Every structure is written in structure tokens, then in C-alpha cells.
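A.B. asks: sharing an experimental structure here, sequence included.
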Amino acid sequence: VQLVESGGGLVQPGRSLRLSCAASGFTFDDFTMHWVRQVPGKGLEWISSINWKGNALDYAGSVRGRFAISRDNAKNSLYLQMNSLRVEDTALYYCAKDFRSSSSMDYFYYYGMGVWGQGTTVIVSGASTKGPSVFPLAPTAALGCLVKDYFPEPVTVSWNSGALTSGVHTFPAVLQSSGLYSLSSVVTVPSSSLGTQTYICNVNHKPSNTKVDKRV
Amino acid sequence: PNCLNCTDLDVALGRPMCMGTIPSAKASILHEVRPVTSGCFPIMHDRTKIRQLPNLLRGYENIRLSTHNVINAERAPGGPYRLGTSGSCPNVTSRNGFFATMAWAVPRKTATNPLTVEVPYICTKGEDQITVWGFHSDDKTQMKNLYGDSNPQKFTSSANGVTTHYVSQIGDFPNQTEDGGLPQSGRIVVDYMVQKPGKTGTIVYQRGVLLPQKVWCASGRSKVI
Amino acid sequence: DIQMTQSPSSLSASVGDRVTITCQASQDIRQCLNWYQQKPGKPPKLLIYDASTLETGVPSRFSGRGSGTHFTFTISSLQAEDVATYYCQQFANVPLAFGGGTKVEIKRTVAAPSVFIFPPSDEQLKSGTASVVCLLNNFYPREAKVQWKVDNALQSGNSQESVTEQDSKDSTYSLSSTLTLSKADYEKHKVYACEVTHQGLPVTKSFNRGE
Ligand SMILES: *[C@@H]1O[C@H](CO)[C@@H](O[C@@H]2O[C@H](CO)[C@@H](O[C@@H]3O[C@H](CO)[C@@H](O)[C@H](O)[C@@H]3O)[C@H](O)[C@H]2NC(C)=O)[C@H](O)[C@H]1NC(C)=O
Ligand SMILES: *[C@@H]1O[C@H](CO[C@@H]2O[C@H](CO)[C@@H](O[C@@H]3O[C@H](CO)[C@@H](O)[C@H](O)[C@@H]3O)[C@H](O)[C@H]2NC(C)=O)[C@@H](O)[C@H](O)[C@H]1NC(C)=O
């Protein structure tokens, strides 16, 4: 069972955007589908829920009249068309499967949400996208990369292109006084592996299309 | 039958929580000239003769509901169908339920031709079989969400030589009377056809049909006062 | 609307302790509650549904109990990988409400943080800004005081911190302090030192400009 959220990014307040949830691994047209957002730092907030058909739609009050939920049982995709966006729509939007194949058709088709996706980041802001600057951290030993001056969140840092995950510490971003973000990523490596071992960090910022991933 | 809250027509419809052991009696009193359901999904009862179903049932000394479904509703003509439930019909294990006598053949969406179904006499050698059926109809925009047709749907059943017709209603639904009290968008019409021993029943239908599952097997005669 | 008053707000307990979380409802839901665990920065996994039944694969030390308006979630023996933010959620009414959440962290021994220092790189001083980094790695408790010292002088307001969550294994934290200066200010002083204050370690890791 997989749930993949896509389409989240930087948008103006009041404009439109649409997320897509591509499902696979189970009979999508039998279950009711959910939407839950989580603004960074706070907890889970339910957005909307569509049943196995498109006949029944439920909306939380904060989004009623602005958002629209839909689904395609052929291409097993859940949709959420958000309109008249507000800055407090900035959150991490989760796509959720309801465990029960309840053909309620009236009410109560929502239950324990068994399966969740990894979410997509939505930040409603009228600010400038800024592409990150990647600086190394000069060195059992310890090394890392420094990513400075970027907007908005998030950013992805990989080490040895995903092979090296042991002893990795990627710190939460710090919103600097200028309005840009700055985090750091370090990994502890033995002192034997300075020769014969090159350590490389994968820094990618999708809003600025600025990946070019560089070596330490 | 020691069961609670549940009216006589309510048991006659197979409403959840009103499945129960039906005793036999050789004398019966008639106390409801207008049988009333306090439970299951809202019904436009006067559209058909459905009100006289339980009073017809008591006329038989021995009455019992079929243990197995008369048909399996998922593979009926017209594409695979889901089996319907509802919140107005609380199943003690699930906030949703429905009649045990019928099924909601709701398509997985295109206009369809009239579909024909024969109904067997699965009941025993001599007991008269009452077959209960019906159709749902909602307003225009939900008929589109539910079915592939916002036009009125055609229905007709035939058994024992009695050939009836029906046509569903869209919009302007009467308020919700004699139900579970939860605000719905659509309405339900219920009718029954009786099948003599050995004979079959026929039902021609379109989108919105309620296919039967549990049919009555009634025998004997009970005096009525 | 039904408000989920989840409690506690945040707790801490040693490994093996009994952890208990209560969730009240303002109105009767009667079974339609279920508990989620937050793997940090990762999805929610369902542990308890219908307030007492146990999900496929989740261990036996997790238990839920309650009905009506009072519900109880209990971890019989707290483990280190249980560090998470747990959420209750009622699905008895058409609007869905999630509890405020409870942060779970491990009470362990005192761990001394490994201290390293990183000067501003050749690439960064090309721009005209200097960012000096001091790493506090794998320590407990969370509280730690680090003060920057430039040519034997305390700075204030020139740096920012970022702490990782408690790691699923070894139940420690890791801290990053980022001293930021203009290149005009970085080449006016020479010795940069990082003085930390913890229980396990006064310790200073310093570097000289370009050595
Ligand atoms: C409350 O609703 C449930 C769900 O409709 C009713 O339970 C039904 O129980 C029957 C008893 O034989 C189950 O039978 C078989 O289960 C398999 C596997 O799910 C299914 O594929 C077969 O078609 C057959 O029905 C059945 O699981 C279950 N119904 C469904 C649709 O799964 C129950 O009778 C209702 N009333 C109560 C519990 O009072
Ligand atoms: C059953 O019918 C419902 C319509 O009935 C009324 O609908 C109006 C909604 O505007 C409400 O009536 C109010 O009544 C006051 C006097 O009692 C008026 O002064 C006031 O202005 C307002 O009109 C009320 O909610 C409701 N009352 C009653 C007794 O029904 C309709 O809304 C439902 O959907 C329908 N339900 C079904 C299942 O068909």
C-alpha cells in the first residue's frame, strides 16, 4: 500500500493550486479517502473526506467553500482543489486511506485511517523564492555541509547519494533574521576514511530548481 | 418476539436489529390499520401497497424469512455492484446498515438499457413466497454522482400474472417520514410480489434498483381478528 | 463540534516505565476513537483503532481503553524507539477532531556532547559573510549553554540554535549553533572559541584563522 502526495509548493495568498494523491496496492474505488494537514510545529488537522464515490463530500469549516475534494477511481487518484488560499493554509498536507471499505453512502464512512503518505509541503506566501548556497564543513572524525539563505522550506540533504544513513544528523532549519532559512547536516565518520573515501552531500531545493549537488 | 422498539412492518422489511425468531400461531389479532416503520431509511410508502405487507404476513400460520439470499446482488446484470448500507439504518456493529431483505445495486457510470432478472422460488415445496423489492431515487445532481442518469428510471415486475410498472421521481422530495431521523437527499419506494409454489418472479429495472436478498416463505393459515 | 482534550501535553520517562495518555471528548463518541504515533518527520502509523483493538504488527505493550467521553492510551513498558508525538482522533461525528498531541521522550543517563568546530569555508568568505559552526552531538539532557567567544569577548544575538529530536536509538539530542558575521568583522579578530556548559563536560574547542 502506497500513498504519494504531489503538487505542493509556493503560492500567492488567494490563488489556486491542486494536490494529487496517486494510490496503488489496493482497490482504490472501495474505500473512502481523507485529507489531513499539519502546519510545522502543530498537530494534525482534518481537511476533508470523500467516500468511495464522489457522491458525498465533507469539509471542515475553515476550508468549506474554498476547497474542493474529488477522486478518480480509474486512475486511483485523490484530489483537493484549494481556492482563495490563505497564509494559514500553509501546512504539510497528508493523504490518508480509511481502513474500512464502508459503503455507508450517507454518513459515518470515515473510520481509523490506516495508511498515510509522506505528504507534500504547501507554503502560502508572497515572498521571493531564493536558491540555496552550499558551503562545506572542513573536518573518529566529523564532517558536513552548510546550506544557507534559502526560501522556502523544505530542503533535502542526502549523503553518498543515499547510501550513507548511519550517524547522520540533519538539523531543523533556522529562520534567520532576514526571512531566509539555514540548517546544517553532519555525519560522523571514522578517521580511517579520509583517504580512499570521498564524502558527498546531495543538496536539492525544488522551489528554486537549485540542486547541483556538490562534494565535501 | 421479545424484540424491542421495532414495529411490525419494521420486522416485515428485514430492518437491522429486527432480524429475529418468528414463532407460528394459529390465531392472530390485527391492531394496525396503518403499519408504521419507526426505523429504516425514509420510504414513500403510499406509492405502493407495501403498507399491507405485515398484515398479509400474519394471515399465514407459519411464516419465516429465507436463510440464504434469493440471489447474490454483486454480479447482477448491469456491471458489478456494491452492497448498500446507510446511517439511517444503524447496524449494532456498524454505524451503517440496511434491510436484510434487499440490496442496493449501485454501479461502480453510464446510461443502461432495461435489465431483466428472474426470481427463483427457493422456498420449500408449498409455502407461498413473498418477494420484496424497490427502487431508490435522489435529486438530479446526486443521481449523477450515484448513477449515469438524471432522467426518471423505468421499473416493472411480474409474477403470478400480476405485471406492474413504476417510474422514479427526481427532486421535490416529501419530508422524511417514519424513518431513522437522519437528513437524507433521496427517497425509497418499496413494493412486494408474491410467488406461488414453484413459480418464478420477474423484475425489469434501470439505475437505482433495490435488488432482493431475503424473501419470505409463508405457509398455513392463521385466524385474524 | 467535538473538542479533543488530549492529555498530557508532553511527558518523559525512563526506559521500561509505564506511559499513559488520556483523551477526553466533549460529547459521546462511544467507540469511534483511535490513536496515532508520529515517527519524527515521517508518517503517522495507526496503533489503536476503536479505542481498544490492536493493529497488525504493532507490539503488545500498547493498549487503549475507554468509552463514552473518557479514553485511555497506555504503553506498558516504555522503549527508546517510542519517542514520538501521539494523537487521538474521533470519527463519530462528520467533522473530525484530532487531539492536541503528546510529546514522548526518554529519561536516560547523562551523556557528554562531542564538541567540534568548523570555520567559515573558502566558498562562503567569497560572498562576504562568515558562518562559524559549533556542533554539540549526542548529549542528554536537552539543556545546554553554549556562548561564542571572539578574541575573548562574549557575543549576544549573533548566532542561532537548532536541536534535533530525541533519536529513536540511544535517546540523545544534537545541537547546532551558527555564529554569523560579515567578512569585515571576521578578519578583525583571530581566535574563535566555543565554550559549552553541560553536566558531563567547561570545554572549549577553538581555531585560529587560516591554520
Ligand atoms: C452488520 O453488517 C455486517 C456487514 O454487512 C453484517 O455482517 C455480515 O456477516 C456475514 C455473515 O455470514 C458475513 O458473511 C460473509 O463474509 C464474506 C467475507 O467478508 C463475504 O465476502 C461474503 O459475501 C459473506 O457476506 C459478512 O462478512 C458480513 N457482510 C459483509 C457485507 O461483509 C452483519 O450481519 C450486520 N448485522 C449485525 C452484525 O447485526
Ligand atoms: C424536511 O423539511 C425541511 C424543511 O423544514 C424546515 O426547513 C426550514 C429551513 O429553512 C426551517 O424552517 C424554519 O421554521 C421556522 C418556523 O418553525 C421559520 O420561521 C423559519 O424561517 C424557518 O423556515 C426548519 O429547519 C425546517 N423545519 C421543519 C419542521 O422541517 C428540510 O430542511 C429538510 O431537508 C427536509 N428533510 C428531508 C429528509 O426531506
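C.D. replies: Cool, the structure landed. Residues are numbered from 1 along each chain as shown, chains lettered A, B, ... in the order given. Ligands and ions are numbered 1, 2, ... in the order given.

A.B. asks: in contact with residue B:61: list those residues for me.
C.D. replies: Residues near residue B:61 by C-beta atoms under 8 Å, 6 or more residues apart in numbering or on different chains: B:24, B:25, B:26, B:219, B:220, B:221, B:222. C-beta coordinates here come from the backbone N, C-alpha and C atoms, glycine included.

A.B. asks: from those, list the buried ones, please.
C.D. replies: B:219, B:222 (16 or more other C-beta atoms under 10 Å in any protein chain shown).

A.B. asks: in TSV, list the contacts of residue B:61 along with distance to residue A:30 and secondary structure.
C.D. replies: Below are the contacts of residue B:61 laid out as TSV (distance: C-beta to C-beta, whole Å; DSSP: H, G, I helix; E, B strand; the rest coil):
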residue	distance to residue A:30	secondary structure
B:24	42	coil
B:25	44	coil
B:26	48	coil
B:219	40	strand
B:220	44	coil
B:221	47	coil
B:222	45	coil
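
A.B. asks: hmm, residue B:145 is touching residue A:50, no?
C.D. replies: No - counting by C-beta atoms under 8 Å, residue B:145 sits too far from residue A:50 to count as a contact (10.8 Å).

A.B. asks: and residue 86, how many neighbours does it have?
C.D. replies: Here I'm looking at chain A. By other C-beta atoms under 10 Å in any protein chain shown, the residues close to residue A:86 number 13.

A.B. asks: please refer instead to chain C.
C.D. replies: The local packing of residue C:86 (other C-beta under 10 Å) involves 24 other residues.

A.B. asks: so which strand or helix has the residue nearest the centre of chain C?
C.D. replies: Nearest to the mean C-alpha position of chain C, counting by C-alpha atoms, centre = their mean, stands residue C:165 at 2.8 Å. Secondary structure assignment for residue C:165, by DSSP states H and E: no helix or strand.

A.B. asks: in contact with the nearest residue to it once chain neighbours are set aside, which residues?
C.D. replies: Nearest residue to residue C:165 in three dimensions, chain neighbours excluded: residue C:40, at 4.7 Å (C-beta to C-beta, 6 or more residues apart in numbering or on different chains). By C-beta under 8 Å, 6+ apart, residue C:40 lies in contact with C:83, C:84, C:85, C:165, C:168.

A.B. asks: how about these, which pair is most distant?
C.D. replies: Spatial extent of the contacts of residue C:40 (C-beta to C-beta) is set by the pair C:85 and C:168 at 13.1 Å.

A.B. asks: so which of those two has more stuff around it?
C.D. replies: residue C:85 (20 against 15).

A.B. asks: that one and ligand 1, how far apart?
C.D. replies: From residue C:85 across to ligand 1, the span is 35 Å (C-beta to the nearest ligand atom, to the nearest Å).

A.B. asks: now do residue C:107
C.D. replies: Distance from residue C:107 to ligand 1, by C-beta to the nearest ligand atom: 46 Å.

A.B. asks: which non-adjacent residue is nearest that residue?
C.D. replies: Nearest to residue C:107 is residue C:14, by C-beta to C-beta, 6+ apart, at 4.2 Å.

A.B. asks: wait, isn't that neighbour in contact with residue C:78?
C.D. replies: Yes - with contact defined as C-beta under 8 Å, residue C:14 reaches residue C:78; the gap is 7.2 Å.

A.B. asks: shared neighbours of the two, anything?
C.D. replies: Contact criterion C-beta under 8 Å, 6+ apart; residues shared by residue C:14 and residue C:78: residue C:106.

A.B. asks: in what helix or strand does whichever residue of chain A sits closest to ligand 2 lie?
C.D. replies: Minimum separation of chain A from ligand 2 (C-beta to the nearest ligand atom) falls at residue A:106, amounting to 11.0 Å. Secondary structure assigned from DSSP H and E places residue A:106 in neither a helix nor a strand.

A.B. asks: what sits against it?
C.D. replies: A:56, B:86, B:87, B:88, B:96, B:182, B:184 are the contacts of residue A:106 under C-beta under 8 Å, 6+ apart.

A.B. asks: could you find the closest non-adjacent residue to the third one?
C.D. replies: So the one you mean is residue B:87. residue A:107 (3.7 Å).

A.B. asks: residues of chain B that sit close to chain A?
C.D. replies: B:82-88, B:94-96, B:104, B:106, B:108, B:142, B:145-146, B:182, B:184 (C-beta under 8 Å from any C-beta of the partner chain).

A.B. asks: looks like residue A:8 contacts residue A:122 (just checking).
C.D. replies: Yes - Residue A:8 is in contact with residue A:122 according to C-beta under 8 Å; the separation is 4.1 Å.

A.B. asks: which residues are in contact with each of the two?
C.D. replies: Joint contacts of residue A:8 and residue A:122 (C-beta under 8 Å, 6+ apart) are A:17, A:19, A:93.
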